[PDB]
Amino acid sequence: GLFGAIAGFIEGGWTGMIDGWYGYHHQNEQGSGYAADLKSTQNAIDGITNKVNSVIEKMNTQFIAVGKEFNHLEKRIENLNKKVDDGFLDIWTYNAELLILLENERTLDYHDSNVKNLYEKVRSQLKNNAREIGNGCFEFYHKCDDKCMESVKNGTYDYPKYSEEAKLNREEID
Amino acid sequence: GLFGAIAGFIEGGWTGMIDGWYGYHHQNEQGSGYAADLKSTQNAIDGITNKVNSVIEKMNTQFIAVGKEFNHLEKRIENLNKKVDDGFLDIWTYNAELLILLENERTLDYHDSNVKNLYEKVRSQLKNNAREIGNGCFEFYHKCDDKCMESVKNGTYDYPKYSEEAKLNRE
Amino acid sequence: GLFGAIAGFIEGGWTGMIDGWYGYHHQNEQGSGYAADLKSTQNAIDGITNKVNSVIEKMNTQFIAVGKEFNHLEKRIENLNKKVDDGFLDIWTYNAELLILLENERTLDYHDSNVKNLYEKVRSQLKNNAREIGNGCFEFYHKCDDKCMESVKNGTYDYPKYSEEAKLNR
Amino acid sequence: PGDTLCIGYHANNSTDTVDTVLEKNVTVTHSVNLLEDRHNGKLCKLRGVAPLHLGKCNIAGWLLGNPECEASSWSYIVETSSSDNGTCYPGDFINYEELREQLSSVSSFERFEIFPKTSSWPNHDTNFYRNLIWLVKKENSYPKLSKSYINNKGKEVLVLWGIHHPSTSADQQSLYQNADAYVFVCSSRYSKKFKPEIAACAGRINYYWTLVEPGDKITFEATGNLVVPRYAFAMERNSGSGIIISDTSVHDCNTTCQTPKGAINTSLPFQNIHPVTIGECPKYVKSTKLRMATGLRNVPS
Amino acid sequence: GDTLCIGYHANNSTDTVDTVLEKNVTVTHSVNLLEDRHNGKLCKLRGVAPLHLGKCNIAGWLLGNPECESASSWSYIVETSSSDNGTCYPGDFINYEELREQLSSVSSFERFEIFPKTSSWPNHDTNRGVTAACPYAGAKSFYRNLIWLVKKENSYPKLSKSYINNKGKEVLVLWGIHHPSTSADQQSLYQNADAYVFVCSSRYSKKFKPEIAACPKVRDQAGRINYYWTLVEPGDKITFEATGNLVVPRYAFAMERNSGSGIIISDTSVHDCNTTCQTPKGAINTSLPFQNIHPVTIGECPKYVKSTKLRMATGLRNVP
Amino acid sequence: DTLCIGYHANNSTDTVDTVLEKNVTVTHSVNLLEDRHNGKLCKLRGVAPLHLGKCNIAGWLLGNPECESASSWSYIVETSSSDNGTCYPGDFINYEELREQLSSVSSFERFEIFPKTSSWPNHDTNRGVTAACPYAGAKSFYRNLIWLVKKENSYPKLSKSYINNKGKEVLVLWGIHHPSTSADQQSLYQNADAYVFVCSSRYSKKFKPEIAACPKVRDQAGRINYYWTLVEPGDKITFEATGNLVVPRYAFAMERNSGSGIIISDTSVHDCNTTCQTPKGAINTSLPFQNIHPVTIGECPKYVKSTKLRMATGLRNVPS
Ligand SMILES: *[C@@H]1O[C@H](CO)[C@@H](O)[C@H](O)[C@H]1NC(C)=O
């Protein structure tokens, strides 16, 4: 990956999360499960939808009377017609293949990016109240219940609240 | 963004910094204000300038009198001429619009990457001497005066000096 | 420095590493060294050779005699032919150079990204058993022999082993 | 018992494969195909208006009135690969291809009798093509003829005629009575004087056409060797239409886009089906596959 | 405690741009690469003045149509939607478009008299050759650049007239061939029932018999004239031979080389101005890479596009 | 103890270009553009070209005396100035169309269709030579053409036919003499009226001579016009002449290859091979582009105006 998340330090995807492209898997004593971040997902869906649409919207029709016939003394301009057609066709095929190549790469990088962003968002919310074990996971040095969880997820996480128990179970190690 | 700084963890821009694209705003014992880091801004301008200039240079044209005349027994080659002019027209329009979109995206990504780069530069500089709030802000565990701040800005910031003064307050 | 690594917080490259694109330098009682990282490097070789290989692949010629001859009364279509060859030539020049610039940028940024990602790999592997000195150097809160370095590089490095040691020393 | 929260991304059964620059054959969770290979293999109408299928005859056979043929408008014209002029005689069609390229530009197409069968030729005999009359001598005589036409419509009028070159003088007199003969025709866009070139290679007939602009008059004058217009074609312009060559069959159906292979309903930007198409539809490409990635890299485990 | 924040610019700009993943993104700074502005009038091109044919068109101009004046150089040639005065006498101009293409590149152009009026035609009639198709102040007249030759007495003797090229360049020469509506007229003018014309340079060789007939009157002449032209090299020779039916050159043109010019069709009137880029719609002053104005340009010009807007983002996203 | 992470650097002087940065030194790069050519005119794919020397295509076909002549080739070459021409003042109809026809082909057997001796008993096959078209200061003529003349004072009407029983097309080329006077006409073909008529399944035409004397080139003012036709298998080509015909001797049977070409080159030929050949020289490379020449035959790179195209493989050089 370019941003090092997809096929990155997160080494795999989840067949278990069907509700979006990006999301969290959590664990705690009120139960575990999969969720997807609907905001990041929805945003990416908008971006890619618009990418596609703008790709198919970038062709405006050039119409003609194409069908053309030349006699046996017309050979030169006939081959000129052939040259024009073949050349245009080569250019357009080229532009197509190139476009899908580049934009595909950029799309994958885009997903990788979004994932990274979600991660570092969570991590930068948490700080030292938990520990990053790698693989895009965090172990909570304190107890994070449902409300706490959804608090991280929706960005409202309160550090001061659990800070003490965090430093307790933490510095006991540190 | 792609680098998650602009419209990122840093929510918005500052109408109050007029002097550049990227910069700092600080609270001190000597007071507060916005000031732009002119090196990263300047590099940004170098880049963008070369991008636009390159764009313009990348299209320059060769000589034709677009006037051409055919009679009523010439109709075929007339429609062929037309096919040429139009086909080329489509090709070029396409090239233009595509180039524009792609380089707009690349440009925004560029600004974002630059801001993020800056924030990581400063963060890395400060280490534990200050705490990271978010919105690209740091709260100092010691007293950072004018000289101190501007020392951060030119990257000369001294960790050893404020090590203890920070430690005590980090408690 | 799109990813801020090359010419980034890592100020420059090592002329003394001939073994690959990205790698390590190191110090211990057993001394110093420049040992190039293998996997990532080869991955980049693959990516890039696929980049240029693909760029070449993408261009498909047709069997061609472009040349035609027009007499003194053919001047108009002589000029139309010229207009065609020149238009096409212009467009293919445009495509060529444009592709070169864009893929150049993407290439360099690619290298940047791989560098940084290798770094963050190291860091996220080491945790606090080492600290970040800057210029992408780690200082070891414990003692590192060549098997330790090797355990780092191969990606196998063991934290809980030097855990206690570092913790004390730290 | 460390109460984990993890961040991750989607994966699924999807086998969709797409090519990036630095890596190929990548499995991705989601993708869309931009290249339409599908067509109904029928000739349909276009934006409402049906096409004109010349059937057995080709353009020339059609316009000259081949009896194995036999209306006013079309979306496009269709020829078989088996199509042929209904000739008859060895002769040549002059500026035929141009005539075609002209027909490609038309739409409405009123036809009418320019020179009425009965009324027009009291002094001569009628010797085949419906749209022309082959005039020969009455008894001994083939008098000098002058016939004119003025344009009573607001449209150009396509006028077609033909010229005979008997393989021998004997034929020449047996038909047109005159060993020394001329024919000449002028509109204001046109003048030509054809005289018989008598030789063998029976008889030979060359066909010519012209467009008389509204209000302009055309004139035919002959001492012999003239195949005269019976019907001429009043034609008002579109700026477009098109000529398709296909053996495919025409059905009841509508299309935005037609190809000689068949037609297409697709919103896709790209089509590799046929280089020849009519209406609003995809750019033509030599690509076998264009598949754009939408979702992300698929890593099931 | 003391704080240091890192952030970015924002301003009052509502200017919007377009990217691939998002449309109408308001940004801090941008440039427009598309010039939609033109000056609405025809102008001089890089100093040189154009040549405005007015009611006359190229043919009428080179043939010396009486309604024109009958000068020497131009940046580009301008014809109006209706250029009335055409080929005067009903007839056919052979390889017209080719000729228009030959003038399409040039500015040099010295009109001289290749066949001086009085001296050249001793045994034939210079002054009697007018027509009702070509009014001069209401009278019956003809072209300036061509002399229509006819009977003198009942005599129309063979004529061979030869011009060998002493100039330094190509010489464009025009002539014309008359096909009468009657053998009567043929014998009323050229005196010889059977007559020939023929012309050779090393380049051109051809011979015409008059093809006699009356097709419908155009400008009340059922007779016809066919106008021809050719380019004779330097140190080459053009030769005319006629027993009748020949309209000879009087003033022929010499073309030298500067490599550019062109033809414009516009009803836009000529004003006093100067520009490096000119379109039939109007002129253009811009440094810009693109223009949506007109597909036909002359001079040093931006590329034409179907675009409504092309806008390149310079600054960053705008978030106040 | 310490562990540092960094990147490869070297002495490489290679610099590439990027939208944001110019002349950027980098470790590894590839040149995608070929500036390098063989400098000489080489073979193709093992097989050869066909080089006519100072003769041109016209000469080679008509068999100009100074041309050697034969069998096959990959591509054809005509030197920057290929003079030895039509050596008799005249004109070649559809020259470039013919050239274009040859431009794709390889096999091509030149045979005697109407053998000199036996074909014309009633006409004089020997007096077919002019002063303008010499051999060694003596008189010569085209070897593929028999110029038919009066037998004594007589010139019988001739009808000759050729059916094509081969599998190929057959190229047949003839000529028509327009005399500088009647004296020549009746002195030579002896019939004041002469007519030529050529009939094929495509070609049908009748040329009556046009007599007159226009400028002399090659020392003389006479005229001759060359024509050509491709006759298909199972097809009869027919000639009929009461005079003025310059006649086919050798015809050329044509085996059609879809590729080949014609290059106009002053450059000197040589013994080599190559898969890509150009007027300036040959080319060996896998590089997708070249600035060498616009005209290339064989399988070749795109022509580009680009002086240098340099693509970055490795990373940014920062040696210290
Ligand atoms: C009929 O077709 C043949 C070849 O298919 C052609 O030679 C001939 O000129 C055509 N006749 C007409 C009247 O178009």
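Residue numbers (this note's numbering), protein chains in the order written: chain D, 1 to 174; chain X, 1001 to 1171; chain G, 2001 to 2170; chain S, 3001 to 3301; chain Y, 4001 to 4320; chain C, 5001 to 5320.
The C-beta atom is built at its ideal place from N, Cα and C for all residues, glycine as well.
Could you name the residues of the same chain whose beta carbon sits closer than 6 Å to that of residue i, not counting the 5 residues immediately before and after it, in chain order?
{"i": "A1036(X)", "result": "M1017, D1019, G1020 and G1023"}
{"i": "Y5095(C)", "result": "none"}
{"i": "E1078(X)", "result": "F1070"}
Within 8 Å: the Cβ of residue i and any heavy atom of ligand 1?
{"i": "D3084(S)", "result": "yes"}
{"i": "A3202(S)", "result": "no"}
{"i": "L3064(S)", "result": "yes"}
{"i": "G3091(S)", "result": "yes"}
{"i": "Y4076(Y)", "result": "no"}
{"i": "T3087(S)", "result": "yes"}
{"i": "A3293(S)", "result": "no"}
{"i": "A5048(C)", "result": "no"}
{"i": "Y3142(S)", "result": "no"}
{"i": "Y3207(S)", "result": "yes"}
{"i": "residue 5342(C)", "result": "Missing from the structure shown is residue 5342(C); chain C here goes from 5001 to 5320 and no further."}
{"i": "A3181(S)", "result": "no"}
{"i": "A3060(S)", "result": "yes"}
For my contact list, residue i and residue j are in at a C-beta cut-off of 8 Å; report their separation, rounded to the angstrom.
{"i": "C4088(Y)", "j": "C4056(Y)", "result": "Actually they are not in contact, since the Cβ atoms of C4088(Y) and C4056(Y) sit about 11 Å apart, beyond 8 Å."}
{"i": "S4160(Y)", "j": "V5217(C)", "result": "Rounded, the Cβ-Cβ distance is 18 Å, inconsistent with contact."}
{"i": "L3158(S)", "j": "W3209(S)", "result": "6 Å"}
{"i": "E5112(C)", "j": "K2068(G)", "result": "That pair is no contact at about 32 Å."}
{"i": "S4155(Y)", "j": "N4192(Y)", "result": "Not quite, the Cβ-Cβ distance comes to about 10 Å (not below 8 Å), so this is no contact."}
Within a Cβ cutoff of 7 Å, which residues of the same chain sit near residue i, ignoring the five residues on either side of it in sequence?
{"i": "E2165(G)", "result": "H2142"}
{"i": "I1006(X)", "result": "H1111, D1112 and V1115"}
{"i": "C144(D)", "result": "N28"}
{"i": "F5092(C)", "result": "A5058, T5086 and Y5226"}
{"i": "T3020(S)", "result": "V3026"}
Ignore the nearest five residues each way along the sequence and tell me which others in residue i's own chain have a CB closer than 8 Å to its CB.
{"i": "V3285(S)", "result": "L3035, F3270, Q3271 and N3272"}
Checklist entry - At a cut of 8 Å, does the region 3033-3041 of chain S reach the region 3266-3273 of chain S through at least three beta carbon pairs? => result In short, these stretches touch, since the Cβ pair count reaches three.
Checklist entry - Taking a cut of 8 Å between CB atoms, which residues from the region 4090-4117 of chain Y lie near chain G? => result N4095, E4097, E4098, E4101 and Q4102
Next on the checklist: Closer than 9 Å between beta carbons: that is the criterion. Which residues of the region 3219-3231 of chain S meet it against chain Y?
Outcome noted: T3219 and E3221
Checklist entry - Would you call the region 4303-4317 of chain Y and the region 2107-2117 of chain G in contact, with 3 or more CB pairs under 8 Å? => result no
Checklist entry - Between the region 3078-3093 of chain S and the region 3103-3122 of chain S, are three or more C-beta pairs nearer than 8 Å? => result no
Checklist entry - When Cβ atoms are compared, which residues of the region 2036-2062 of chain G fall closer than 8 Å to chain Y? => result none
Checklist entry - Pairing CB atoms from the region 4231-4240 of chain Y with CB atoms from the region 4272-4286 of chain Y, are three or more of them under 8 Å? => result When C-beta atoms of the region 4231-4240 of chain Y are compared with those of the region 4272-4286 of chain Y, fewer than three pairs fall below 8 Å, so the two segments do not count as touching.
Checklist entry - Is the number of C-beta pairs between the region 5251-5270 of chain C and the region 5060-5079 of chain C that are closer than 8 Å three or more? => result By the Cβ test, the region 5251-5270 of chain C is in contact with the region 5060-5079 of chain C, since at least three Cβ pairs between them sit closer than 8 Å.
Checklist entry - Contact between the region 3020-3034 of chain S and the region 149-164 of chain D: three or more CB pairs below 8 Å? => result Touching, no, given that fewer than three Cβ pairs across the two stretches are closer than 8 Å.
Item to check | Contact set between the region 4199-4225 of chain Y and chain S, restricted to residues whose Cβ is under 7 Å from the partner | outcome: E4211, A4213, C4215, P4216, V4218 and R4224
Checklist entry - Is the region 4191-4207 of chain Y touching the region 4292-4299 of chain Y in the sense that three or more CB pairs, one from each, lie closer than 8 Å? => result no
Next on the checklist: Counting only Cβ-Cβ distances shorter than 8 Å, please list the residues of the region 2066-2077 of chain G near chain C, keeping chain order.
Outcome noted: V2066, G2067, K2068, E2069, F2070, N2071 and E2074
Checklist entry - Counting pairs of beta carbons, one from the region 2154-2163 of chain G and one from the region 2118-2138 of chain G, are three or more of them closer than 8 Å? => result yes
Checklist entry - Going along the region 82-95 of chain D in order, which residues come within less than 7 Å of chain G, judged by CB to CB distance? => result Within the region 82-95 of chain D, the residues whose Cβ lies closer than 7 Å to some Cβ of chain G are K83, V84, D86, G87, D90, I91 and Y94, listed in chain order.
Checklist entry - Is it a yes or a no for the region 4135-4146 of chain Y touching the region 4244-4251 of chain Y, going by three-plus beta-carbon pairs under 8 Å? => result Yes, they touch.
Item to check | Stretch pair the region 4297-4305 of chain Y + the region 2058-2074 of chain G: three plus CB contacts closer than 8 Å | outcome: no
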